[PDB]
Amino acid sequence: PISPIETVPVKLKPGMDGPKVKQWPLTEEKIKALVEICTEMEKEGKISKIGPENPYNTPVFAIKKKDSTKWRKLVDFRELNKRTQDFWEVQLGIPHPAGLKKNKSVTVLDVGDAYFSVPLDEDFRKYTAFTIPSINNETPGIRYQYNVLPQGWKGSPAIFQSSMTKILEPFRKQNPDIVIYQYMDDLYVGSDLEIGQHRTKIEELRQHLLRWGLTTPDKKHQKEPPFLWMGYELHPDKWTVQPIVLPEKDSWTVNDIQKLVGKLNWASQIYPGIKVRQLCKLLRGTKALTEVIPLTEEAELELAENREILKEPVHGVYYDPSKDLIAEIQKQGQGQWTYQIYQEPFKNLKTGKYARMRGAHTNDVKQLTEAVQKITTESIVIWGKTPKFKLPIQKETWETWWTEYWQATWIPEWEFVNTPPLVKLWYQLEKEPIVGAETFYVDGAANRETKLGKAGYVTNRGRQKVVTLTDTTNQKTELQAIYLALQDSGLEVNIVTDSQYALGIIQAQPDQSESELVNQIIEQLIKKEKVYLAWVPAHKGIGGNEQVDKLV
Amino acid sequence: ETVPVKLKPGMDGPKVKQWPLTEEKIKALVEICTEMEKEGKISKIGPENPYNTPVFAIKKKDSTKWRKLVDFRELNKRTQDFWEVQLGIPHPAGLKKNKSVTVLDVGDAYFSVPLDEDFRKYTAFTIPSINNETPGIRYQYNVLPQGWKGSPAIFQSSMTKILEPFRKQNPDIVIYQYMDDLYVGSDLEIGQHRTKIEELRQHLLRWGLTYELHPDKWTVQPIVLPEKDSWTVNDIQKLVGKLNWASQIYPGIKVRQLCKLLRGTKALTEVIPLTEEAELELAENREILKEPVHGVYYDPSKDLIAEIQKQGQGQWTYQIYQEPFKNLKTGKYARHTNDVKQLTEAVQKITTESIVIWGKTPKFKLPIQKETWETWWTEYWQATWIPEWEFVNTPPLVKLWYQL
Ligand SMILES: Cc1cc(/C=C/C#N)cc(C)c1Nc1ccnc(Nc2ccc(C#N)cc2)n1
């Protein structure tokens, strides 16, 4: 059928007009196939023969479908498409299972010839006119234009999805407890009624559907849940990711490790505590897809962990709207966070992981906060509601980190949970200078051409030291010089520096860094008992600024 | 009648994806919008419209009523020729000198003029559904939308017509329009002021229209120099950096006589005396900072920037400028609460002052993680415009060179 629905007006982009592409000549039998096809289609309304006053043309080919010897008609809308207006993005964003409400009975119905079942806008049909070439191309070809939405045209998925929504509107409104999902030419029908009441409202959906040009699989064939969908396995009561088998190989290529890292990542939606840091380490570097990568001990270890985590099945529950979401996060490794989301412990609606580093340096507190944000947004999308959090951090630790920290921040209602490791701050810098502690006016420097550097310090107690570094930058020397001061000083030290770069880093109280230097400065800072870091304006001519500026 | 409206040469409509909204705001939005539609203010639209701007709900202030709010930042940017350099609303340089300024919402007026039909497709927005389970509801505007800088521009004609008599009858009263808001100021005693507002709303009320600023009581936050009994080397080093930075702003700032005392390698904790030359150079700057930056002027062709530091204990400093360090204005703002709530309030505060003073919204450098701000700001937002913002870590030094 051709749905009786109204059409969507469409126009070519503002500059241009329809394509005018010459038809490549086709073998004598490809020509035969196209004629058979278009005669079929023509009798259905899908296409219409046209007088060659119509300027427009688009190429058309016919690939010999499968070994099953039938033919299929392909059209090339490359050019009409390039010249057609942009449409509202079909659906961008996809429903997560964990967001679905539980349902008693579910049915799939598939639309037939979906695209050819929806009308095309009159004023636009003209531009969809193709040509079936004559044998050895000696005479005028037959010419049709589309009446329905052609496959492969730019606006087809948009208009179709829209039409199907316009047609469903009535049913949905007169039945707000039954659930439909439209994914492309699929309709799934969800109900909390019994196998009879449900086949009932299903069968009059179909009736409503045929009243509008759309035919559906008879109540006799052929799909019952479980359903595979977008990678998932939905049952009426629970869901999971669809079966994922991890290979047993003695040799692992880059390509084999990618597909594994991506199957594990997929798994991690519902399988708690999946880790992949060690398998992803391999991929670092530049190597060919076929190059074999030998697994490290830590990576082989990980593969081990993951392999058992998967050995027994796991499923997620569905969402009861009248209960709070609970989100628990655990530290799982360095920069690695895992979380579960549930409503009755511990039957999870979903699990996840987080391992993004922001910047070169952070500490656990920063990272844990960034996962709370991640999880929160995710919550809003999936459930339209933020969860209540349980975090491995004491209220005091987090109250301390924030108040003193210079970026604004705020996490939703949360409460402590004792799930080790716990997040702490590993050192804290003095607020005022320390009486009775040696004062290091330190100072690093680099000659930008040589990239040769000299780092050093002088103290109020007469001490001095200047050492030499090779191919570093001003940045490194300034961090070296502070590192210097920390290894030579005792447990209470005052350090003065003219490096704002360095102050900023350290004042941020890092506890992980990409920089080895910094990771040491850190080691040192945890060993100390009091440390006060001060900044001074370089070259301005300051107490020990100029003094050890002599030494550099 | 409808004023023919067009984008800028080049640019196309806006295509901004809808931010995820909560069940609360969506529900709210679905009401609002089905009522706006069975009133012909907005119409349901097809896929043949590729354009989007983001919408969301607030409840204004202490009010238990949701209000639709549409983020027209992109569209405004993409029409910008029209709403500024053809028709445009002139900014009274006196409004900022007034004893009292009242801000009242005249957005609804727009709802009654029709919008150029060949422009409506650019005002499309989407009501999203939770978990993307169904297709969002899509709408265009038929009338002049709130939030869009076309609307006051299109209504300039009808607005001054409406205020004509009241202006005649109180020639000493200032009324300036910016987007959906009217700014009304005067020097009357607060009571005679408020009375003149009710008189004004009566005028408005004949055409459809059912807080207090005190711009004088706006004064600068000087860079404050600590006054002290003793001084440690540390205390003076602190001092010298802070004067050191002010020099990158205020002409005349001297430093030499002070960093005089930081000689050689002393202990930070070492109390060191205070000589007469320094005691004098100290006071000298003190009055310079007191004063407006000599040399700086507002350029009408240039974006305003505003920057905010977190001070802790509910304090927030901020500065306004067009080229960095050349500060047009500096200030503080202080103190149910919440780091983000405060900032969002501070933003609105600074934005308000910024409109009164220059007729222009600043572009904010926000000291917060992008993703955190986005999740939450729409929760404390009670304004009907939205400034532009970008996020940035605050260099540690700046924070304190501005502390009070
Ligand atoms: C998004 C979505 C995907 C599928 C995808 C189907 C497929 N393949 C099927 C449906 C019916 C829906 N729509 C909704 C909306 C609200 N609750 C539910 N719950 C729900 C859906 C399917 C099963 C099952 N089995 C259980 C509960 N589904």
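Residues numbered from 1 in each chain as written, not as in the entry; some residues may be left out. Chains lettered and ligands numbered in written order. Heavy atoms only, no water. Residues with missing side-chain atoms left out of burial classes, pairs and counts.

Chain B is annotated in the PDB entry as p51 Reverse transcriptase of Hiv-1 m:b_hxb2r.

The PDB entry annotates chain A as p66 Reverse transcriptase of Hiv-1 m:b_hxb2r.

### What about the overall build of chain B?
The secondary structure content of chain B amounts to 9 helices and 14 strands. In terms of its C-alpha atoms, chain B occupies a principal-axis envelope of roughly 80 × 55 × 45 Å. (Helix = DSSP H or I, 4+ residues; strand = E, 2+ residues; numbered from the N terminus.)

### Some details on the pairing of strand β11 (residues 315-321) of chain B
Residue and element names in this part refer to chain B. Burial runs high along β11: 6 of the 7 residues are buried. Alignment of strand β10 (residues 305-312) against β11, held across 7 bridges, turns out to be antiparallel. Across the sheet, residue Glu 307 finds its bridge partner in β11, namely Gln 319. The hairpin formed by β10 and β11 contains 2 residues between the paired strands, and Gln 313 there has a positive phi angle of roughly 50°. In terms of strand pairing, β11 meets strand β12 (residues 327-334) through 7 bridges, oriented antiparallel. In the sheet register, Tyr 318 faces β12, and the bridge partner there is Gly 331. As consecutive antiparallel partners, β11 and β12 are separated by 5 residues, and within that stretch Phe 325 has a phi angle of approximately 85°, a positive value. (Buried < 20%, exposed > 50% of the residue type's maximum accessible area, 1.4 Å probe, protein only. Pairing = 2+ DSSP bridges.)

### Some words on the interface of chain A and chain B
Residue-level contacts link 69 residues of chain A with 60 residues of chain B. Note on chain A versus chain B: buried area summed over both sides is about 5,100 Å², and carbon and sulfur give 57% of it. In terms of surface lost to chain B, no three residues of chain A exceed A:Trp88, A:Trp406 and A:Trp410, which account for 15% of the buried area on that side. If you look at where chain A meets chain B, you find 3 salt bridges. Residues A:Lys101 and B:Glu133 are paired through a salt bridge, measuring 3.4 Å at the closest nitrogen-oxygen approach. The interface formed by chain A and chain B includes 23 residue pairs in polar contact. Classifying every residue of the side of chain A that touches chain B by side-chain character gives 35 nonpolar, 26 polar and 8 charged. (Contact = heavy atoms within 4.5 Å. Buried area = accessible area lost by both parts, 1.4 Å probe. Salt bridge = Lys/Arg side-chain N within 4 Å of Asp/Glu carboxyl O. Polar contact = N/O pair within 3.5 Å; in protein donor to acceptor, adjacent residues only side chain to side chain. Nonpolar A, V, L, I, M, F, W, Y, C, P; charged D, E, K, R; others polar.)

### Examining the nonpolar core
Judged by nonpolar contacts, the single largest core of 91 residues is most densely connected at B:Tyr183, B:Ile308, B:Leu343, B:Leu366, B:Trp373 and B:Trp381. If one sorts the elements of this core by residue count, helix α7 (residues 339-358) of chain B sits on top with 9 residues. Beyond its immediate sequence surroundings of up to four residues, B:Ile308 is in contact with B:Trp316, B:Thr317, B:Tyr318, B:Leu343, B:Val347, B:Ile350, B:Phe364, B:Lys365, B:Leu366, B:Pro367 and B:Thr394. Within the second largest apolar cluster, 68 residues are counted, among which are A:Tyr441, A:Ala485, B:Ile249 and B:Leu258. (Core = buried A, V, L, I, M, F, W, Y, C linked by side-chain atoms within 4.5 Å.)

### A closer look at the sheet that holds strand β1 (residues 42-44) of chain B
Residues and elements named next belong to chain B. The sheet built from 3 strands is open, its strands ordered β1-β6-β5 with antiparallel pairing. Both edges of this open sheet fall to β1 and β5 (125-127), since each of them pairs with a single strand only. The average angle at which neighbouring strand axes cross in this sheet is 35°, direction not considered. (Axes fitted to C-alpha atoms, helices over the stretch in contact; angles between N-to-C directions.)

### A closer look at the domain arrangement of chain A
Residue and element names in this part refer to chain A. Under the domain assignment used here, chain A contains domain 1 (1-90 + 116-156), domain 2 (91-115 + 157-225), domain 3 (226-319), domain 4 (320-426) and domain 5 (427-552). Centre-to-centre, using C-alpha coordinates, domain 2 lies 33 Å away from domain 3. On the side of domain 3, 13 residues touch domain 2, which itself brings 19 residues to the contact. For the pair domain 2 and domain 3, the two sides together bury roughly 1,400 Å², of which 74% comes from carbon and sulfur. The interface formed by domain 2 and domain 3 holds 0 salt bridges in total. Counting every contact that joins domain 2 to domain 3 gives 3 residue pairs in polar contact. Mapped by element, the contributors of at least two residues to the side of domain 2 that touches domain 3 are β4 (105-110) and β7 (179-183). (Domains from an automatic or database assignment.)

### Some words on the site of the ligand
Taken together, 16 residues are adjacent to the ligand, and A:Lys101, A:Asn103, A:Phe227, A:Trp229 and A:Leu234 come closest. Bordering the ligand are residues originating from chains A and B. With respect to the ligand, the backbone of A:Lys101 contributes an N or O atom lying 2.7 Å from a nitrogen atom. Here the ligand has 590 Å² of accessible area as a free molecule, and 99% of this is covered by the chains. Secondary structure elements with two or more residues in the shell around the ligand: β7 and β9 (227-229) of chain A. A total of 3 residues in the shell around the ligand trace back to one element, the largest contributor, which is β9(A). A breakdown of the residues in the shell around the ligand according to their chemical character gives 12 nonpolar, 2 polar and 2 charged. Both of domain 2 (91-115 + 157-225) and domain 3 (226-319) of chain A provide at least three residues apiece to the shell around the ligand. (Near = heavy atom within 4 Å. Areas by Shrake-Rupley, 256 points an atom, 1.4 Å probe, with all protein chains shown as cover.)

### Some remarks on the domain arrangement of chain B
When the parts of a complex come together, some accessible area is lost, and that lost area is often taken as the interface size. Residue and element names in this part refer to chain B. For chain B, the assigned domains are domain 1 (1-89 + 111-151), domain 2 (90-110 + 152-212), domain 3 (213-298) and domain 4 (299-401). Computed over C-alpha atoms only, the centres of domain 1 and domain 2 are separated by 26 Å. Between domain 1 and domain 2 we count 1 salt bridge in total. Note that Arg 67 is salt-bridged to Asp 105, the shortest N-O span being 3.1 Å. Remark: the boundary between domain 1 and domain 2 carries 12 residue pairs in polar contact.

### A look at the packing of helix α4 (residues 156-173) of chain A against helix α5 (residues 195-210) of chain A
Residues and elements named next belong to chain A. At a closest axis distance of 10 Å, the pairing of α4 and α5 adopts a crossing angle of 145°. As for how α4 packs across α5, the hand of that crossing is right-handed. Where α4 approaches α5, its residues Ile 167, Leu 168, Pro 170 and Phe 171 are matched on the opposing element by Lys 201, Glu 204, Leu 205, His 208 and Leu 209. Looking at the contact of α4 with α5 residue by residue, the classes come out as 6 nonpolar, 1 polar and 2 charged. (Left-handed = near helix turned anticlockwise from the far one by under 90°.)

### Quick look at the packing of aromatic side chains
Counted according to the given criterion, the structure contains 44 aromatic pairs over all chains. Measuring from ring centre to ring centre gives 5.5 Å for B:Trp19 and B:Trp377, while their planes differ by 70°; the resulting arrangement is edge-to-face. The class for B:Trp19 is partly exposed, based on a relative accessible area of 22%. You can call B:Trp377 buried: its relative accessible area is 3%. Through a chain of ring-to-ring contacts, the aromatic side chains of A:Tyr181, A:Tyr183, A:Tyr188, A:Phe227, A:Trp229, A:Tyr232, A:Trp239 and A:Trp266 assemble into a single cluster. Against the face of B:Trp389 rests B:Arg73, its NZ or CZ located 4.6 Å from the ring centre. When the ring centre of B:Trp83 is taken as reference, the NZ or CZ atom of B:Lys149 above it lies at 4.7 Å. (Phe/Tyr/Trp six-rings, centres within 6.5 Å; stacked < 30°, edge-to-face > 60°. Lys NZ or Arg CZ within 6 Å of the ring centre and 35° of its normal.)

### Digging into the pairing of strand β8 (residues 186-191) of chain A
Residues and elements named next belong to chain A. Counting buried residues in β8 gives 6 out of 6 residues, a clear majority hidden from the surface. The alternating pattern of β8 places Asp 186, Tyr 188 and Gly 190 on one face and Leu 187, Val 189 and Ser 191 on the opposite face, and all of these are buried. Relative to β8, β4 runs antiparallel, the two being bridged by 6 bridges. Counterpart to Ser 105 in the pairing with β8 is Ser 191. What sits between the antiparallel neighbours β7 and β8 is a turn of 2 residues, in which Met 184 has the positive phi angle 55°.

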